[PDB]
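Colleague: Quick one, what's the 3D model for this:
(chains A, B, C, D, E, F, G and H, ligands or ions: 2)
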Amino acid sequence: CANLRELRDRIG
Amino acid sequence: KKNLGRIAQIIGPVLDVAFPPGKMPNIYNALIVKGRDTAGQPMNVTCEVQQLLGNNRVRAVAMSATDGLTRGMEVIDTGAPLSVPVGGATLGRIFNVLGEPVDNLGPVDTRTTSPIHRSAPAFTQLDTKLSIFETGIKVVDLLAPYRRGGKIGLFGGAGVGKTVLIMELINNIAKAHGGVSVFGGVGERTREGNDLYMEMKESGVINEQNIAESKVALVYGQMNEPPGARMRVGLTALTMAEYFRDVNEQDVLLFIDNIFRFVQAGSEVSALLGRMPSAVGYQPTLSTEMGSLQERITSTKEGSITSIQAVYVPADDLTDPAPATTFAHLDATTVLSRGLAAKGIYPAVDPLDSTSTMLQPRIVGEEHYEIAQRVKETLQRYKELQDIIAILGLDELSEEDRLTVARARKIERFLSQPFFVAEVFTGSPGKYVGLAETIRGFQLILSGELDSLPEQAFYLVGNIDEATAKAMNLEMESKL
Amino acid sequence: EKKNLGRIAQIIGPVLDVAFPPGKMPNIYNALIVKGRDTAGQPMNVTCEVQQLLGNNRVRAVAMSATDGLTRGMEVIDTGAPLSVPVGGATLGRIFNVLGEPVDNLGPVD
Amino acid sequence: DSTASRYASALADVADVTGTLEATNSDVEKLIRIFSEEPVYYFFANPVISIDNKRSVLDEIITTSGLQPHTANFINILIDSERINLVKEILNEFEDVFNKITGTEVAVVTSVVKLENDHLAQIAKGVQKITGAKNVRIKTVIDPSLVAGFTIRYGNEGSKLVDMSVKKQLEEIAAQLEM
Amino acid sequence: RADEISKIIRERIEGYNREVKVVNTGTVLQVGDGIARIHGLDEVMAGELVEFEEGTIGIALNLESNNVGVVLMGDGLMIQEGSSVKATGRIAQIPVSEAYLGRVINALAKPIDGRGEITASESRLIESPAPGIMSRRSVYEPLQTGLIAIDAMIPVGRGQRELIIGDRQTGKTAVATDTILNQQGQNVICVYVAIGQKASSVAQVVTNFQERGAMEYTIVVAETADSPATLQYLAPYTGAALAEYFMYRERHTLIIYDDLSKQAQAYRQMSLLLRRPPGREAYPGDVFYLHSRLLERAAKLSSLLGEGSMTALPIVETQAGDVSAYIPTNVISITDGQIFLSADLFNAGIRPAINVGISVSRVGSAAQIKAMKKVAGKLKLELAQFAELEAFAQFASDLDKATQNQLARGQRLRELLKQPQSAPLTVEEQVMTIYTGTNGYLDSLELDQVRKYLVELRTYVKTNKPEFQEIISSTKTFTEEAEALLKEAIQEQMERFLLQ
Amino acid sequence: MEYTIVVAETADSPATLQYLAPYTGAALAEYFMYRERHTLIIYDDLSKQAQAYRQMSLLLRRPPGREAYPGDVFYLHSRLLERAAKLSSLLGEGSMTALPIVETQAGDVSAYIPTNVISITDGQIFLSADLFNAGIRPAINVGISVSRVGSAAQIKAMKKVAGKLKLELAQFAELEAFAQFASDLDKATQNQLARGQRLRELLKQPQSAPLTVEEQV
Amino acid sequence: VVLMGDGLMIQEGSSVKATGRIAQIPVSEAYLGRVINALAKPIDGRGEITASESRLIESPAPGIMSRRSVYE
Amino acid sequence: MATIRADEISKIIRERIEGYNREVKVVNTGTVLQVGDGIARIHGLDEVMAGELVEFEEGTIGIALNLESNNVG
Ligand SMILES: Nc1ncnc2c1ncn2[C@@H]1O[C@H](COP(=O)(O)OP(=O)(O)OP(=O)(O)O)[C@@H](O)[C@H]1O
Ligand SMILES: Nc1ncnc2c1ncn2[C@@H]1O[C@H](COP(=O)(O)OP(=O)(O)O)[C@@H](O)[C@H]1O
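Modeller: Numbering: from 1, shown residues only, chains lettered A, B, ... in the order given. Ligands and ions are numbered 1, 2, ... in the order given. Okay, here it is:
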């Protein structure tokens, strides 16, 4: 999550 | 009663009573044990009734310490589900979850007891006369105004805020407030609550020479408890508030620390209650008793309960189900993002997610509303351009975006506040601000009048006139 | 098939479990019609399929339609075979349910 | 199907293969008071006891109980197949499976008055009208918590109910409140 | 007076006739804060309510071999566990009639405003099956919602099932109530349920309704977090039965399910407490069964069954801006359209937020009115053009006119998309708005004053051309003299406003 | 050696020792606390302690909580770190200073145990693998590590000189990170960045170097 | 119950003997410099440190009011 | 195995309780029972090897994997 939300940020 | 209970299986902090099969008490009833200790048997530990396992064995969690207990040791039943002595007697004393004073003074009268489990108030009796109270902290006052009588949501990681904020909030609004207060200390550090009690002594709001002058009562479920106490000290603070709402008919501001401690104590015990694990690992019955605790706190035409909940989101994982429920429970939410105070923008409230439902222009004085929407748009522009400023350099983008980045950088640095207890981290004295003062300040900033000053001039500022004083000080010290 | 009348033992939602006498037990994937005791007075029957034996003359099926309004311990009839759906060349232009009974109020198919 | 009811049906199976269903019911009735007196039941449960001592005192019991040899075999097999911690529940649970495979059924009458033989026979006839057993045994208890008369709990052990008692006044209060 | 009450007492105790029928009964094994298990009940059906000894009513879910689990519809204090409980035989109906309009209730549909007892004669099964495909029809009637883009880009029709999956605390309840207030005009009885909100929020919302006059024709079934799990588990079912029943009385209806995520959360809570073995993401396997049986109950009728219209507009909010969470991916797998009301799109200032990216409609444009096609196809094209070529705006200064003018029109259309909180703007307010937007009769204006330009525009023309109002309401089709009068009013109003 | 005490516990020695030995350190702590002398304690390798607790707990079929650890580990480490404190002079200023170390999972502090123990303790202090990797010995992830006690547990001279230098270092790290992709930085910003790197050099210690308080003043 | 000594020699059938006391490690002076492992066993060939307090391994936290404000 | 084992079907437990200390074992015969996903819980067969092929009435074959207390899984 904490990565996966941050990975969503990175993707965007 | 006459049901001399017997203890059967001690499973960590969860235990059980063998009963005579005729007569058993009901849920949430008190169960006081005839415990022993290191010498003699003057040991008395209570137990709360959750559920009863069919054939004369029940499930019950002890509040106090679960050590030194034998199987077949007798327990005593009450029939009164934990009637806790809350009246005018409680003022200024640190109390236990057993309704016991810990501040080594005399025990007060227990005439005003009331059970900790009860009915939530009805729907229709519900005072909705919507108006804001002010604090004097710009980043919540300008952005997310605090509804008087509602609830306040303070979410943050461990070490981003949430403590000096609540200390400054009691320091301002308690002496601003004619009604009494309650601080529940549910599973915070024992040192910080001790220091709060010392601060309270120094402020004179207690006047520890006098009980009846003291405008607050204290309950500390510290970390030494077995979690049976940690799940009930919250409702002890609740019933302390509830007597002040109903029986005292006066408005009470309510200060609670982390409810995430409370629900994770529930998560700790639901495995051993004979229930099962849940979604990600908490207790299953999360939102039920969570909303019980919530909807037992409201304002119902007899007194006003404004309330501040310092719920700790673990490690900034916002997908967590209990703060997800509390999100819909609350009224004014402020997430305290760690990346801000990592850059040292004390206090670190995010200007993006944070809001209230009090953002009605028809309640906030529409120029204020225009200001807030304008500055939130500005910060949104900054955070979205954060991706490419570390790639394209500072001056690839257009010149409107240039001054946008500059002015937004200045306003986000202007989001500071030197609090009156922040001095153990700054050393600069604490500073109090207005509301229309800040409105004029933010309009004069974002309109772009002093949009040439050094970026450090607007830092740790009371207001913009203080910033102009620091600006002239900075342009003295820069050349020399 | 025959009168293999067993009690509906255990119902947890759409999972329903049916007991049996120890003589005949149905096979796996075997269609079993429950003479569905409906609230409407008529026996609105429901079907099911067992992909799990229990060994103890007890089956583990789920029902295609809603199992609401079904009590514990109704009787049951097996098909002795999987779902014999009346398909063929004559079934043109018609709308079907899962078990193949026509549903678009144009009467029955062959 | 309880774990106990598996062996209860086993006892039903041996009462099937012989004709001593009443004798094995009297034997399990002796056994329920044998496995009364909680030190006795605890000693035979008591999972650290040496098993040969268990079987030798068990043979002493079988010598003194006066059981049929198949229900004598039953205690030994419940020892060896280790399920000794629910044996009193097995002795209880033999009752209804014996009741069913025998062909009768059981109910309870709870009146204010001790109901006589003709009245209890008419009530058993109405029970066989609503259930259809063979030699339906309805024991009773005469409890003064009621007001008027007979209540029946029949079918299963406590399943379904009819009554003419204090219900006629309490539900009268319920059907007077009418909210 | 009191003696008349005594004679009412007399007529009721003569109405007591000693009915002798059979009642299933059993004893309380264990209660567990929501779960209760009793044994000795066979003839209870699935999903049936029973009544306990103390007066607390409970419903049965799993009919296990040994015992039977019953879950509680109230406060589980006075449970005695050794006491006897009895059965009822009913399938948890709720009584129903017209008089609920403006009333608020618990999940049992029993009143809580204290505004008297709702005079309910008829009743309905809660677990009713959906109407069949043969009773289902297509969609012709447009649903109105008042908002520009969602009147425009994904339109909604009376009968279909649109869904909004905006994230945490960004404006879903707002736009839901704006649809409600936009239905001030027609005869449609919207159905509002609020689940898992605080009572103060829903009281604030219904007082907003009291101000706007929605309380003459609305209905609120609000089941806050105080209630036990089963009440919020079956409350949208009760709202659905209300909707379907009143649809069978030939009326036009829509529904606002609030937080089916809270519904599903309550369901997995009580079910996992009931030892239903958990499935994906700890939700049990039949959560899709729940949501399908709730949502696809809503449909469009047969026009010989009365031609009532039922439109499902539910709300699910998702943890921290996700698509791939469980129940959101379920409900997008089940329902027709979707709408993404994203947080940063709100915080950017678009009032309110609509992603017009992945927002797709299965029905597409088939439910819009005939004038809406003419005013909207060019809008769809222009929005695709700005959403694609948008990033050149940072040097649209340098770019040519064909992208430059088009980008300027696109961004001022994005400014046109801005609309305030709760401004009921029906079809004639917006067809002129989108018309001058797509005709470029305002592109000389700069990038802020267009909102006051547009409100002065629509006020003046709404006072000035009642014949335009009439030919909108009658034709639902842009005739050329309508567009002529439109451009005339545009020139006059633009002249006056330019001169200020 | 005369004033240090080791209570050693390796791994192959069985799990009961690995559970209870930190509480034996707590027992020594409690005794020397009530003998009123100042005494510190350095708990170390708490991930090993929680791991051995996970072993002994799961081997007695307590159904474990989140990520297969048992739930009472919060209650465990609270029951540990609530012991060490400073008594008042009424009981006689018996102090106990505790410094636990916890192995974060391979540079990641978002794992299970460090969240819990950060919520337990007052102050955190991060060792950046990045800054030690670049050679800043020893590496303090400045700005992200605070003390809940604040400067009130500093000497008066330190507040008197430099009580904002945590904040000011945070400010400099912010401005430098923003100014790396800059082009035309002002002499004000130049002096800020250069003096900040001077302070970066001031955060350099030769190892095992004893320092006095005035020696840092 | 959980072993402290990986009990190879611990054998079935052996009765266990009760003590009736919580874990109380003996603590005094002469601890200053020595190394035990949770059992008051100086494991460096030291000898024996006598002790008389033997406070409880699990003990309640000190009193909250008697906690000092941290100044030093 | 803890709550329910599959060595307590009524037929095998009656076959057990028809005699306590009695004649030879059903070393190559028994009753198949509780057929899961190719998982056969047959009672008896106290001479079957570890990894032993077993043949059935359908003509399907099976392989011994877990020779348990009383059944063979
Ligand atoms: N068109 C609008 N213009 C200005 N502000 C708006 C508009 N729509 C919504 N808001 C503001 O946004 C805030 C959040 O909206 P809202 O409470 O509807 O979010 P929500 O997610 O629906 O709430 P919940 O979480 O209860 O579902 C509201 O306080 C409202 O004032
Ligand atoms: N506004 C502020 N001014 C100075 N220091 C702050 C401020 N906000 C937070 N801090 C620092 O961050 C810490 C956050 O408070 P803390 O006690 O960690 O509460 P929590 O654990 O609930 O976040 C404080 O100890 C303080 O050192």
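
Colleague: Quick check: the residue of chain C nearest ligand 1.
Modeller: With C-beta to the nearest ligand atom, the shortest gap between chain C and ligand 1 falls at residue C:13, namely 29.8 Å. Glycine gets a C-beta too; all of them are placed from N, C-alpha and C.

Colleague: In this structure that residue contacts residue E:276, no?
Modeller: Yes: assessed by C-beta atoms under 8 Å, residue C:13 is found in contact with residue E:276 at 7.2 Å.

Colleague: Can you name the residue of chain C nearest chain F?
Modeller: Closest residue of chain C to chain F, C-beta to the nearest C-beta: residue C:12 (21.7 Å).

Colleague: Need the residue closest to the centroid of chain D.
Modeller: Geometric centre of chain D, nearest residue: residue D:95, 3.6 Å, by C-alpha atoms, centre = their mean.

Colleague: Repeat that for chain C.
Modeller: residue C:47 (1.9 Å).

Colleague: correct me, but that residue touches residue C:63?
Modeller: Yes: counting by C-beta under 8 Å, residue C:63 is a contact partner of residue C:47 at 6.7 Å.

Colleague: Now list whatever residues contact both of the two.
Modeller: residue C:34 (C-beta atoms under 8 Å, 6 or more residues apart in numbering or on different chains).

Colleague: Burial check on the closest residue to residue B:104 other than its chain neighbours, number of neighbours?
Modeller: Distances taken as C-beta to C-beta, 6 or more residues apart in numbering or on different chains place residue G:65 nearest to residue B:104, at 6.3 Å, with adjacent residues excluded. For residue G:65, the neighbour count with other C-beta atoms under 10 Å in any protein chain shown is 15.

Colleague: any idea how far residue G:65 is from residue D:176?
Modeller: Using C-beta to C-beta, to the nearest Å, we find residue G:65 at a distance of 60 Å from residue D:176.

Colleague: now residue B:466
Modeller: For residue B:466, the distance to residue D:176 equals 76 Å [C-beta to C-beta].

Colleague: Pull the residues that contact stretch A:3-12.
Modeller: Residues outside stretch A:3-12 that contact it (C-beta under 8 Å, 6+ apart) are B:317, B:318, B:319, E:320, E:321, F:110.

Colleague: Show me where chain H has its strands.
Modeller: In chain H, the strands defined using DSSP state E lie at H:42-43, H:53-55, H:61-63, H:71-72.

Colleague: Dump the ones you listed to a markdown table, plus mean neighbour count and distance to residue B:323.
Modeller: Putting the strands of chain H into a markdown table (neighbours: other C-beta atoms under 10 Å in any protein chain shown; distance: least, C-beta to C-beta, whole Å) gives the following:
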| stretch | mean neighbour count | distance to residue B:323 |
| --- | --- | --- |
| strand H:42-43 | 22 | 53 |
| strand H:53-55 | 12 | 57 |
| strand H:61-63 | 12 | 52 |
| strand H:71-72 | 22 | 50 |
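
Colleague: which one of the ones you listed lies closest to ligand 2?
Modeller: When those are compared by C-beta to the nearest ligand atom, strand H:71-72 sits nearest ligand 2, at 57.3 Å.

Colleague: near chain D at all, the closest one?
Modeller: No: using C-beta under 8 Å from any C-beta of the partner chain, strand H:71-72 stays clear of chain D, with a minimum separation of 12.6 Å.

Colleague: Show me what that strand packs onto, helices and strands only.
Modeller: strand H:42-43 (3 or more C-beta pairs under 8 Å, 6 or more residues apart in numbering or on different chains; DSSP states H and E).

Colleague: would residue E:247 count as being in a strand?
Modeller: No: assigned with DSSP: H, G, I helix; E, B strand; the rest coil, residue E:247 falls outside any strand and is helix.
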